[PDB]
A.B. asks: 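Next up is a structure, given as structure tokens.
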Amino acid sequence: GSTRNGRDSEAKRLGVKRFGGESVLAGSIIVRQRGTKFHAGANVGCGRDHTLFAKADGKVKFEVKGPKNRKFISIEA
Amino acid sequence: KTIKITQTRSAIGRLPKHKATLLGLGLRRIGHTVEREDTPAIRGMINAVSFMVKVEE
RNA sequence: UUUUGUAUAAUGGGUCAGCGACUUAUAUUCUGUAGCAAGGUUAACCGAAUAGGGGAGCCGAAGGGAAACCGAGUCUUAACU
RNA sequence: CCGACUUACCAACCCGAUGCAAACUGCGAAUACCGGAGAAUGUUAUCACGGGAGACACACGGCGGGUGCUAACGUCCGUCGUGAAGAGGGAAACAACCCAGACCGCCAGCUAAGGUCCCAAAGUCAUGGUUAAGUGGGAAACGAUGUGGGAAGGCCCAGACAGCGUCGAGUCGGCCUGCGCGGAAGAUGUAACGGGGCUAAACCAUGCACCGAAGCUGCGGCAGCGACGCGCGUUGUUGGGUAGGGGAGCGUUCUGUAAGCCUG
RNA sequence: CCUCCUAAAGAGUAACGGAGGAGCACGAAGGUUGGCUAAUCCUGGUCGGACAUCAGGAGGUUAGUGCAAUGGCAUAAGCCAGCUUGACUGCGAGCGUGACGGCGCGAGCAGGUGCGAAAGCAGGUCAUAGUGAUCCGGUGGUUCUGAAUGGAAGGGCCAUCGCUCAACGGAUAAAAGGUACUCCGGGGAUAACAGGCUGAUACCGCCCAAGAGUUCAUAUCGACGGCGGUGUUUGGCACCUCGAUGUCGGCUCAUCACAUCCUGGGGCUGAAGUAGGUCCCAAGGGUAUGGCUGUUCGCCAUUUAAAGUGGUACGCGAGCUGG
RNA sequence: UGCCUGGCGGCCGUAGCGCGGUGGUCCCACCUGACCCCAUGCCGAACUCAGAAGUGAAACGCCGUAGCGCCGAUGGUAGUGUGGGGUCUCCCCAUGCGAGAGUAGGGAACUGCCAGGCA
Ligand SMILES: C=C[C@]1(C)C[C@@H](OC(=O)CS[C@H]2C[C@H]3CC[C@@H](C2)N3C)[C@]2(C)[C@H](C)CC[C@]3(CCC(=O)[C@H]32)[C@@H](C)[C@@H]1O
Ligand SMILES: [K+]
Ligand SMILES: [K+]
Ligand SMILES: [K+]
Ligand SMILES: [K+]
Ligand SMILES: [K+]
Ligand SMILES: [K+]
Ligand SMILES: [K+]
Ligand SMILES: [K+]
Ligand SMILES: [K+]
Ligand SMILES: [K+]
Ligand SMILES: [K+]
Ligand SMILES: [K+]
Ligand SMILES: [K+]
Ligand SMILES: [K+]
Ligand SMILES: [K+]
Ligand SMILES: [K+]
Ligand SMILES: [K+]
Ligand SMILES: [K+]
Ligand SMILES: [K+]
Ligand SMILES: [K+]
Ligand SMILES: [K+]
Ligand SMILES: [K+]
Ligand SMILES: [K+]
Ligand SMILES: [Mg+2]
Ligand SMILES: [Mg+2]
Ligand SMILES: [Mg+2]
Ligand SMILES: [Mg+2]
Ligand SMILES: [Mg+2]
Ligand SMILES: [Mg+2]
Ligand SMILES: [Mg+2]
Ligand SMILES: [Mg+2]
Ligand SMILES: [Mg+2]
Ligand SMILES: [Mg+2]
Ligand SMILES: [Mg+2]
Ligand SMILES: [Mg+2]
Ligand SMILES: [Mg+2]
Ligand SMILES: [Mg+2]
Ligand SMILES: [Mg+2]
Ligand SMILES: [Mg+2]
Ligand SMILES: [Mg+2]
Ligand SMILES: [Mg+2]
Ligand SMILES: [Mg+2]
Ligand SMILES: [Mg+2]
Ligand SMILES: [Mg+2]
Ligand SMILES: [Mg+2]
Ligand SMILES: [Mg+2]
Ligand SMILES: [Mg+2]
Ligand SMILES: [Mg+2]
Ligand SMILES: [Mg+2]
Ligand SMILES: [Mg+2]
Ligand SMILES: [Mg+2]
Ligand SMILES: [Mg+2]
Ligand SMILES: [Mg+2]
Ligand SMILES: [Mg+2]
Ligand SMILES: [Mg+2]
Ligand SMILES: [Mg+2]
Ligand SMILES: [Mg+2]
Ligand SMILES: [Mg+2]
Ligand SMILES: [Mg+2]
Ligand SMILES: [Mg+2]
Ligand SMILES: [Mg+2]
Ligand SMILES: [Mg+2]
Ligand SMILES: [Mg+2]
Ligand SMILES: [Mg+2]
Ligand SMILES: [Mg+2]
Ligand SMILES: [Mg+2]
Ligand SMILES: [Mg+2]
Ligand SMILES: [Mg+2]
Ligand SMILES: [Mg+2]
Ligand SMILES: [Mg+2]
Ligand SMILES: [Mg+2]
Ligand SMILES: [Mg+2]
Ligand SMILES: [Mg+2]
Ligand SMILES: [Mg+2]
Ligand SMILES: [Mg+2]
Ligand SMILES: [Mg+2]
Ligand SMILES: [Mg+2]
Ligand SMILES: [Mg+2]
Ligand SMILES: [Mg+2]
Ligand SMILES: [Mg+2]
Ligand SMILES: [Mg+2]
Ligand SMILES: [Mg+2]
Ligand SMILES: [Mg+2]
Ligand SMILES: [Mg+2]
């Protein structure tokens, strides 16, 4: 007859906006994410929704770093 | 060195990327022979559409 | 004709002849073309006058601001890097 | 107040083995996507802005899936192809499959898919095999000394196997595999190769011929776009199209040109 | 509106697909400084037990997160305390995401502030739901405007308030039904009939053989399961027909299939005979009348060698009937 | 220049555990006391301060040792882009890419700056 499902939320367009080696202007969003899947490295800020954004003009650099092998995003300015 | 490349089959029904490659080689129709420089870039194009071109080398 | 798709057993037409469907007015924008050009153009009307007169107006040469207002600036803001 | 033996016994944790997962992941591709660089090639194929739209019923096929019965020529997504809006050749006939994109003409040529005994264009082609079922040319579990190939065994002239010690040569049944057989009943008429017919004219392998399209080439012609030269030449390339956009024309009636011009 | 999966390792991606949540909460549950680290179990211990609190150890986040799910989180984003109001005002390089309206992220600048010795951090909260355009009107501020002039009214601007407008891009401030008395424009874009595709279901075969059959699976039957065939019931789908493809049953007239009811041939039998059972071959011909009911069917009566089963637009209304 | 110790990094398990040693001159640790500075939702346990008699017991560092964790070929397998094929619910062929798991094996980290002790 009827079903109790049939709901879903709008897709949030998360994920990587600027990949490795891409030249960005300061302020450019590099990744939108839920929590810190990626962490802010050098010249990268972490917004209130865990958005990583460039704090300097330069090139995006993904790196695995530290004792937990966490993924950091940096900007090579 | 230059290589002669002849188109042997139709582009009709081929993938867009394959049509783009034939355009990249400058092949216009079945039987059209073009003379191109033997470079890795040209060889990769041939490789991508090797089923529908013949290389005389 | 309509359709994803019609020989279709979907639609329409018995045939011929004649008639039968994107117009007209005004406004507005764009294009072309012609005139004149930081100007362009007149409306009613007058004029027997397609002339000539009539520049009332309209558009343009300045914008910004809700506005007062300021003005190659202006608004925003107590003030802008 | 307790305890102690005790179980057809039911048993968590932990340990060792075994699987399973769209909403599991201590792993993790191919692809795809984003960015950078470099050639060649491509009628700028790109982006922006402005004039004009149409369209917002899609269909099938392939691949990845949800749903459904991994039912539907079903339904709903993703992605590519074709149809739509695409003729030609093939698939008997057959939008959507295969081949292939029709500017025009030719009583030239070469090919594609697909074919070559007759209908019907081209091999009654070659070589080696398989099938005997018209299998080919509809159908499963399963059944069976059909028949071909391969590897390996048991037993055997100290006589095996079958028949009745005799008898003198092989016998026995598993394995893997090729092709067949049964399983296999439907309604107008053969009617489940398109038909004739076929024992290859079937199937497999190999090879060389040929046929075969509106594909390609040849010859002649027309037009669009772009170069490079001086509207002309030379040269490159393009010309299937519905909605629809753009360009250029034909003819009709009427007005001027026209008291002209044609007309008993 | 949010979260996951479907979703094909960028984004996005449908279904009356599979699962759950939201329409808030919080002046601390916000800011900052300083500090801290979980579940669970084992051993011991007043009451005290499986589980309270205490002590030690094992363990290592298997906890926790104001509330779903996912992704995060130890430098914790988790837990505790001090001081606080950055849950600041004006702006904003740049970027994400949207058809748009919008929505989001944001360093930095100015002013003023909190916490910290300081570097610093703070424009709410681990993040992602907790929402409502415009109009109309309300309240406070602001001489911006003020229809002769000065005022004022009203308007503007800034701040803010009023919607389960939840059918949530929100037709109106304000709205239920009937039509077999019906009507128009349309559609085979879409149902009812028949056809088609399909074959779950149905019907008919077959495979395995537990077992029943005194004994004995296979005379006969065939549990648990397995594989097909037909197009044949109930359905699924919506491809043909809505500028009409007349419909149940009967009557008349049929025609084909064979899965055979009778008659014909045959094997097996748990076949003495008679008469059966079962299977194979066989479609030549044959194959009830009545009672009841619109019935088809069915039950009943009485026949018959038998009273077959199906297909044919559930054969047959330009052939009849009209229950 | 070697050996030891401390601090701060690189790196983020070949680097971590376990298990057997081993070190006190120096350094480190525990340690010794607390009217003090500061501290305990109780407690000088911690934090903090004033110290140096004692011990390396614990911890810590170092060394050894595969029982683990960890790393890990080669080959094969799975998957898969493109093209092609079949008996098409699934496969196969050509070509390109090629895991995961497991196997052999590796494996008791390595390294920069500064300071101090010793030789
Ligand atoms: C009018 C249509 C009729 C004569 C009858 C029709 O039956 C119906 O449509 C049932 S509704 C019924 C039909 C007529 C007209 C009004 C009233 C209602 N009643 C007297 C009926 C049985 C079908 C169900 C639909 C298709 C039909 C063709 C074939 C068929 O069996 C017909 C149509 C196309 C036919 O023209
Ligand atoms: K960006
Ligand atoms: K139609
Ligand atoms: K009709
Ligand atoms: K106009
Ligand atoms: K003009
Ligand atoms: K400005
Ligand atoms: K598809
Ligand atoms: K096409
Ligand atoms: K045959
Ligand atoms: K707080
Ligand atoms: K500030
Ligand atoms: K609505
Ligand atoms: K009404
Ligand atoms: K059967
Ligand atoms: K028996
Ligand atoms: K109809
Ligand atoms: K009949
Ligand atoms: K019998
Ligand atoms: K008969
Ligand atoms: K009918
Ligand atoms: K009737
Ligand atoms: K009729
Ligand atoms: K009649
Ligand atoms: Mg989501
Ligand atoms: Mg880390
Ligand atoms: Mg239709
Ligand atoms: Mg046709
Ligand atoms: Mg038809
Ligand atoms: Mg017709
Ligand atoms: Mg006809
Ligand atoms: Mg019609
Ligand atoms: Mg007609
Ligand atoms: Mg102005
Ligand atoms: Mg629509
Ligand atoms: Mg649509
Ligand atoms: Mg679609
Ligand atoms: Mg599919
Ligand atoms: Mg469909
Ligand atoms: Mg399908
Ligand atoms: Mg159409
Ligand atoms: Mg065609
Ligand atoms: Mg054709
Ligand atoms: Mg044909
Ligand atoms: Mg030839
Ligand atoms: Mg011939
Ligand atoms: Mg021969
Ligand atoms: Mg046959
Ligand atoms: Mg067979
Ligand atoms: Mg027949
Ligand atoms: Mg030809
Ligand atoms: Mg041609
Ligand atoms: Mg063409
Ligand atoms: Mg054309
Ligand atoms: Mg005239
Ligand atoms: Mg995605
Ligand atoms: Mg993807
Ligand atoms: Mg889409
Ligand atoms: Mg906090
Ligand atoms: Mg909080
Ligand atoms: Mg939260
Ligand atoms: Mg109003
Ligand atoms: Mg006044
Ligand atoms: Mg007044
Ligand atoms: Mg709505
Ligand atoms: Mg009507
Ligand atoms: Mg339809
Ligand atoms: Mg029907
Ligand atoms: Mg049906
Ligand atoms: Mg449909
Ligand atoms: Mg029909
Ligand atoms: Mg009609
Ligand atoms: Mg029979
Ligand atoms: Mg007969
Ligand atoms: Mg006879
Ligand atoms: Mg009767
Ligand atoms: Mg009937
Ligand atoms: Mg009948
Ligand atoms: Mg009648
Ligand atoms: Mg009739
Ligand atoms: Mg009646
Ligand atoms: Mg102490
Ligand atoms: Mg010790
Ligand atoms: Mg590996
Ligand atoms: Mg060790």
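In what follows, chains carry the letters A, B, and so on, assigned in the order in which the sequence lines appear, proteins first and then strands, with residues in each chain numbered from 1. Any value given below was found using the heavy atoms of this structure, including those in side chains, with hydrogens, waters and symmetry copies removed.
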A.B. asks: Tell me: NE2 of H32(B) to P of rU41(D), nearest whole Å?
C.D. replies: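 Spelled out: NE2 on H32(B) to P on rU41(D) is 12 Å.
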
A.B. asks: Quick one: is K12(A) getting a side-chain N or O under 4.0 Å of the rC2(E) phosphate, OP1 or OP2?
C.D. replies: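 For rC2(E), OP1 or OP2 has a side-chain N or O of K12(A) closer than 4.0 Å.
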
A.B. asks: Base, sugar-phosphate, or nothing for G45(A), non-hydrogen atoms under 4.0 angstrom?
C.D. replies: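 Result for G45(A) = nothing.
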
A.B. asks: Any donor-acceptor pair under 3.5 Å joining the side chain of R18(A) to the base of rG35(D)?
C.D. replies: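 It does not, because no donor-acceptor pair links the side chain of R18(A) to the base of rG35(D) below 3.5 Å.
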
A.B. asks: Using a heavy-atom cut-off of under 4.0 Å over every strand shown, decide if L27(B) touches base, sugar-phosphate, or nothing.
C.D. replies: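 Touches nothing.
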
A.B. asks: Between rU84(E) and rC165(E), how far is it from one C1' atom to the other, in whole Å?
C.D. replies: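 Going atom to atom, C1' in each nucleotide, I get 43 Å.
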
A.B. asks: Kindly say if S9(A) contacts the phosphate of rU3(E), meaning a side-chain N or O under 4.0 Å from OP1 or OP2.
C.D. replies: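 For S9(A), the contact criterion (side-chain N or O under 4.0 Å from OP1 or OP2 of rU3(E)) is met.
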
A.B. asks: Taking the nucleotide of RNA chain D with the closest heavy atom to each, which residue, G26(B) or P16(B), is nearer the 5' end?
C.D. replies: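 Mapping each residue to its closest nucleotide by heavy atoms, the 5'-most match is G26(B).
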
A.B. asks: For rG62(D) versus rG221(D), give the span between their P atoms, rounded off to a whole number of Å.
C.D. replies: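 Those two atoms are separated by 49 Å.
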
A.B. asks: Rounded to the Å, how far apart are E10(A) CD and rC168(E) P?
C.D. replies: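 After rounding, the reported distance stands at 15 Å.
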
A.B. asks: Rounded off to whole Å, could you give me the CZ-to-P distance for the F51(B) and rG96(F) pair?
C.D. replies: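 One finds 16 Å between P of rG96(F) and CZ of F51(B), rounded.
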
A.B. asks: So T39(B), base contact, sugar-phosphate only, or nothing? Heavy-atom distance under 4.0 Å.
C.D. replies: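 The answer is nothing, as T39(B) stays clear of every strand by at least 4.0 Å.
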
A.B. asks: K17(B) has an atom NZ; how far is it from atom P of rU31(D), in whole Å?
C.D. replies: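 Rounding to the nearest Å, NZ of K17(B) and P of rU31(D) are 11 Å apart.
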
A.B. asks: Indicate, yes or no, whether a donor-acceptor pair under 3.5 Å links the base of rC126(E) to the side chain of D49(A).
C.D. replies: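 Check fails, no donor-acceptor contact within cut-off.
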
A.B. asks: Categorize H18(B) for me: base, sugar-phosphate, or nothing, with a 4.0 angstrom heavy-atom threshold over every strand shown.
C.D. replies: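 Contact class for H18(B): sugar-phosphate only.
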
A.B. asks: What is the separation between atom NZ on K37(A) and atom P on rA9(E), rounded to the nearest whole Å?
C.D. replies: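 So the NZ-P distance, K37(A) to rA9(E), works out to 15 Å.
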
A.B. asks: Is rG173(D) the Watson-Crick or G-U wobble partner of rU147(D), both distances being under 3.5 Å?
C.D. replies: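 Answer is no for this nucleotide pair.
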
A.B. asks: So which nucleotide from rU6(E), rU128(E), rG21(E) ends up closest to the side chain of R34(A)?
C.D. replies: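 Among the listed nucleotides, the one closest to the side chain of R34(A) is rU128(E).
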
A.B. asks: Any side-chain N or O of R14(B) less than 4.0 Å from the OP1 or OP2 oxygen of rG62(D)?
C.D. replies: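 For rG62(D), neither OP1 nor OP2 has a side-chain N or O of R14(B) closer than 4.0 Å.
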
A.B. asks: Mind telling me whether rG27(E) is syn or anti, cutoff 90° either side of 0?
C.D. replies: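 Syn, since the glycosidic angle lies within 90° of 0.
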
A.B. asks: Both distances under 3.5 Å and Watson-Crick or G-U wobble geometry: does that hold for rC253(E) with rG315(E)?
C.D. replies: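 Here the two bases pair.
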
A.B. asks: Which is true for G47(A) with a 4.0 Å heavy-atom rule: it touches a base, it touches only sugar-phosphate, or it touches nothing?
C.D. replies: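 Sugar-phosphate, no base atom in range.
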
A.B. asks: With distance as the sole criterion, is a donor-acceptor pair present between the side chains of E63(A) and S74(A) under 3.5 Å?
C.D. replies: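 Side-chain D/A pair, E63(A) to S74(A): present.
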
A.B. asks: I want to check something: taking the side chain as every heavy atom from C-beta on, are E56(B) and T6(B) in contact at a cut-off of under 4.5 Å?
C.D. replies: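 Touching, per the 4.5 Å side-chain cut-off.
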
A.B. asks: Assign the ring pair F72(A) / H39(A) to parallel, tilted or perpendicular, where the plane angle (0 to 90°) is split at 30° and 60°.
C.D. replies: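 Answer is tilted, since the angle falls between 30° and 60°.
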
A.B. asks: Write down the distance separating the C1' atoms in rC206(E) and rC279(E), rounded off to the nearest Å.
C.D. replies: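 My reading of the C1' atoms in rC206(E) and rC279(E) gives 14 Å.
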
A.B. asks: Ignoring backbone atoms, test whether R32(A) places a side-chain nitrogen or oxygen under 4.0 Å from the OP1 or OP2 oxygen of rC105(E).
C.D. replies: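 False: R32(A) side-chain N/O out of range (4.0 Å or more) of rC105(E) OP1/OP2.
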
A.B. asks: Take atom NE2 of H39(A) and atom P of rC12(F), then tell me their distance rounded to the nearest Å.
C.D. replies: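 Result: 15 Å.
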
A.B. asks: May I ask you to evaluate whether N5(A) reaches the phosphate of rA19(E), defined as a side-chain N or O under 4.0 Å from OP1 or OP2?
C.D. replies: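 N5(A) to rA19(E) OP1/OP2: side-chain N or O found under 4.0 Å.
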
A.B. asks: Quick one, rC115(E) with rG120(E), are they a Watson-Crick or G-U pair at under 3.5 Å for both distances?
C.D. replies: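 Yes, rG120(E) pairs with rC115(E).
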
A.B. asks: Which part of the nucleic acid does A11(A) contact within heavy-atom distance under 4.0 Å: base, sugar-phosphate only, or nothing?
C.D. replies: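 Answer is sugar-phosphate: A11(A) comes under 4.0 Å of backbone atoms only.
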
A.B. asks: Which is it for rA21(D), anti or syn, if anything within 90° of zero counts as syn?
C.D. replies: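 Because its glycosidic torsion lies more than 90° from 0, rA21(D) adopts the anti conformation.
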
A.B. asks: For the base of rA77(E) and the side-chain ring of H50(A), does the geometry meet a stacking cutoff of under 5.5 Å between centres and under 30° between planes?
C.D. replies: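 Here the ring of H50(A) and the base of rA77(E) are stacked, with centres under 5.5 Å and planes under 30°.
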
A.B. asks: For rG323(E), measure the glycosidic angle (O4'-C1'-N9-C4 for a purine, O4'-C1'-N1-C2 for a pyrimidine) and name it syn if it falls within 90° of 0, otherwise anti.
C.D. replies: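 You should classify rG323(E) as anti.
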
A.B. asks: Are both defining distances between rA133(E) and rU160(E) under 3.5 Å, such that they form a Watson-Crick or G-U wobble pair?
C.D. replies: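 Check failed, no canonical or wobble pair found.
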
A.B. asks: Less than 4.0 angstrom between a side-chain N/O of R28(B) and OP1 or OP2 of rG42(D), yes or no?
C.D. replies: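 For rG42(D), OP1 or OP2 has a side-chain N or O of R28(B) closer than 4.0 Å.
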
A.B. asks: Can you check whether any acceptor in the base of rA77(E) is under 3.5 Å from a donor in the side chain of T36(A), or vice versa?
C.D. replies: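 Present.
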
A.B. asks: Kindly say whether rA52(E) and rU172(E) qualify as a Watson-Crick or G-U pair under the rule that both distances are below 3.5 angstrom.
C.D. replies: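 Donor-acceptor distances not both below 3.5 Å, so no.
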
A.B. asks: Rounded to the nearest Å, what distance is computed from the CZ atom of residue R29(B) to the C1' atom of nucleotide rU111(D)?
C.D. replies: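 In whole Å, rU111(D) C1' lies 16 Å from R29(B) CZ.
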
A.B. asks: Are the ring centres of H18(B) and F51(B) closer than 6.0 Å?
C.D. replies: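 Judged by ring-centre distance (under 6.0 Å), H18(B) and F51(B) do meet the cut-off.
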
A.B. asks: Sticking with atom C1', work out how far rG86(E) lies from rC121(E), rounded to a whole angstrom.
C.D. replies: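 Result for the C1' pair: 10 Å, nearest Å.
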
A.B. asks: Give a yes/no on whether any side-chain N or O of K59(A) is located under 4.0 angstrom from OP1 or OP2 of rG35(D).
C.D. replies: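 Checking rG35(D) against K59(A), no side-chain N or O comes under 4.0 Å of OP1 or OP2.
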
A.B. asks: Given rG83(F), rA39(D), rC73(E), which nucleotide is nearest the side-chain atoms of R70(A)?
C.D. replies: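 Comparing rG83(F), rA39(D), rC73(E) against the side chain of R70(A), the answer is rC73(E).
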
A.B. asks: Using a 3.5 Å limit on both hydrogen-bonding distances, do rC30(F) and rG54(F) make a Watson-Crick or G-U wobble pair?
C.D. replies: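 Here the two bases pair.
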
A.B. asks: Taking 4.0 Å as the cut-off, does a side-chain nitrogen or oxygen of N43(A) come that near to OP1 or OP2 on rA107(E)?
C.D. replies: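 No, outside the criterion.
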
A.B. asks: What is the separation between atom CG on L23(B) and atom P on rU238(D), rounded to the nearest whole Å?
C.D. replies: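 From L23(B) CG to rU238(D) P: 12 Å.
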
A.B. asks: Touch check for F19(A), heavy atoms < 4.0 angstrom, all strands: base, sugar-phosphate only, or nothing?
C.D. replies: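 Result for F19(A) = base.
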
A.B. asks: Pick the P atom in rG96(F) and in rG76(F), then give their distance to the nearest Å.
C.D. replies: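 One P to the other, the span is 14 Å.
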
A.B. asks: With both atom distances required to be under 3.5 Å, do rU11(C) and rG5(C) make a Watson-Crick or G-U wobble pair?
C.D. replies: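 The answer is no: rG5(C) does not partner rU11(C).
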
A.B. asks: For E35(B) and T2(B), test the side chains for any donor-to-acceptor distance below 3.5 angstrom and give the result as yes or no.
C.D. replies: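 There is such a pair between these side chains.
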
A.B. asks: So does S28(A) get a side-chain nitrogen or oxygen closer than 4.0 Å to the phosphate oxygens (OP1/OP2) of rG106(E)?
C.D. replies: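 No, no such contact exists.
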
A.B. asks: Report the nucleotide, chosen from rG81(D), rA11(E), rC105(E), that has the shortest atom-to-atom distance to any side-chain atom of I29(A).
C.D. replies: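 The closest nucleotide is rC105(E).
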
A.B. asks: Please tell me if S10(B) has a side-chain N or O lying less than 4.0 Å from either OP1 or OP2 of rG101(D).
C.D. replies: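 Affirmative; the distance criterion is met.
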
A.B. asks: Determine, using purine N1 to pyrimidine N3 plus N6-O4 or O6-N4 for Watson-Crick, or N1-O2 and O6-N3 for G-U wobble, whether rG104(E) and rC95(E) pair with both distances under 3.5 Å.
C.D. replies: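 They are paired, because both relevant distances stay under 3.5 Å.
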
A.B. asks: Check this one for me: any side-chain N or O of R48(A) less than 4.0 Å away from OP1 or OP2 of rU125(E)?
C.D. replies: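 Yes, such a contact exists.
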
A.B. asks: Would you check if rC60(F) and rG23(F) are a Watson-Crick or G-U wobble pair, both distances kept under 3.5 Å?
C.D. replies: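 They are paired, because both relevant distances stay under 3.5 Å.
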
A.B. asks: Centroid-to-centroid, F62(A) to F38(A), below 6.0 Å?
C.D. replies: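 Yes - the distance between ring centres of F62(A) and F38(A) falls below the 6.0 Å cut-off.
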
A.B. asks: Between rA107(E), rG71(E), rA40(D), spot the one nearest the side chain of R36(B), thanks.
C.D. replies: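 Closest nucleotide to the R36(B) side chain: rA40(D).
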
A.B. asks: Look at the side-chain N and O atoms of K17(A) and state whether any lies under 4.0 Å from the OP1 or OP2 oxygen of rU97(E).
C.D. replies: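 It does, given that an N or O in the side chain of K17(A) lies less than 4.0 Å from OP1 or OP2 of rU97(E).
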
A.B. asks: Can you tell which of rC12(F), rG96(E), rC5(E) lies closest to the side chain of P67(A)?
C.D. replies: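 The listed nucleotide nearest to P67(A)'s side chain is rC12(F).
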
A.B. asks: Tell me whether the bases of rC42(F) and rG41(F) count as stacked, where stacked means ring centres under 5.5 Å and an interplanar angle below 30 degrees.
C.D. replies: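 Stacking does not hold for this pair.
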
A.B. asks: Any chance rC179(D) and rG256(D) qualify as a Watson-Crick or G-U wobble pair, both distances under 3.5 Å?
C.D. replies: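 Answer is no for this nucleotide pair.
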
